[PDB]
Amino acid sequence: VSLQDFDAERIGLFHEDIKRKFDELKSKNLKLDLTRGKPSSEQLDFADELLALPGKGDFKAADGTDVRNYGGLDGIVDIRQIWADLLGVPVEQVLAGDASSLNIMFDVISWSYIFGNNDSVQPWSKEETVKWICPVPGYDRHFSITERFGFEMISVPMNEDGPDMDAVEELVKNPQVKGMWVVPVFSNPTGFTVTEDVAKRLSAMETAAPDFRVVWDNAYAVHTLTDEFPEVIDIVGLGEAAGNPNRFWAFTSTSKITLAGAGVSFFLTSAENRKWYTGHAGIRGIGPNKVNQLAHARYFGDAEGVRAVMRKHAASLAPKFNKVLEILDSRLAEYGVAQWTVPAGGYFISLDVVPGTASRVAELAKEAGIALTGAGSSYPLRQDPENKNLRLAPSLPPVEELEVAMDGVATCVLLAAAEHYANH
């Protein structure tokens, strides 16, 4: 019997039962935080050597470029080739920038707004209405960019195999629709991964805008919790094979590989998109930081060296995800109140509670000293129309803290659920 099927008296009694547990939780005086989607100090210690790279006297890229001096908008060959080898794409596809792929995403959108992109009839700023497809739950920092530009964000469901392509294929037939966000591997926060079939559909679909763009933000391209590395779909190639070569603006970075905020970002896109991008980037400045790129190339040495680092991250993160999953199972399984993802990579667990109660869960957790990301944080304009979803970030705290925190979260889920069904 799930809580929702409890009779009026049994849910009342269940409410009194669980409230006693919530009282016990508050008497612990906790100060715990499950909101930080960032690496732990242990993980950051793995790249300690990179703080001393590339090192005295070592300042030449593989083509002879003196990385210490001005020039070159594309990034250095050394790091571009490593990433090409890692991702299994031609090196010509890869541009290496500064430490933020979000910076590049914002820029390409900004420039499409000001100038148009290379396929634009006119700049997006001339449009009365720009719409933008948002698979949900999704990444708040993506949705913030499109909200700051005033684009009308239209949500679609992020499914186990990727965005709902029936919904996307329909929405792109509207010429107001200029692009979409996706995190295609271990998606933030669902953990879901775009299948080959879904990528093919994104690559082959017809769009009403001539200048429509998919942001394929492959932020977790190698970020497994297991021994297996996920498939890297060559999405730019698929777009090329389908006759839509310019469709995909693809990104990734080293921010959760080396140093979070001081890594290297990558922008993978078609020949014509790269010329457009570097033509605008060359007015914005002289080019990206080559020294940090050489440092990175030296640290990894080759693509296998990147995978070796990713196995260390996996070994550090796995027990944290396992604790969270173990607690959710032991406390909530019998009650039918919640569903949670079981991800095999990435940085998050996505928790759906009773619809109408997510904001109350986070409020109760706060009263109990446990910080949860707010209700709607994974939705455009922070509006989850079912008030059900919560994002859990296991990476930073030690396992002992995750145990305590999640035990409390689970009590909060139950109490909120008991309040909700008792109020019917």
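A residue's number is simply how far along the shown sequence it sits, counting from 1.
Comparing the deposited coordinates for 137-145 and 301-309, the stretch with the larger average C-alpha B-factor is 301-309. The mean Cα B-factor in the deposited entry runs higher for 82-90 than for the other of 82-90 and 98-106. When the C-alpha B-factors of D217, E272, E170, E326 are read from the PDB record, the largest value belongs to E170. Per the deposited coordinates, the residue with the largest Cα temperature factor out of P54, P394, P380, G369 is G369. In the deposited entry, the Cα temperature factor of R247 places it in the middle third of its chain's modelled residues. For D384, the recorded CA B-factor ranks within the middle third of the chain. Only modelled residues enter the ranking. Sorting the modelled residues of the chain by their CA temperature factor places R36 in the highest third. Remark: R331 belongs to the middle third of its chain, ranked by C-alpha B-factor as recorded. In the deposited entry, the Cα temperature factor of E228 sits in the top third of values across the chain's modelled residues.
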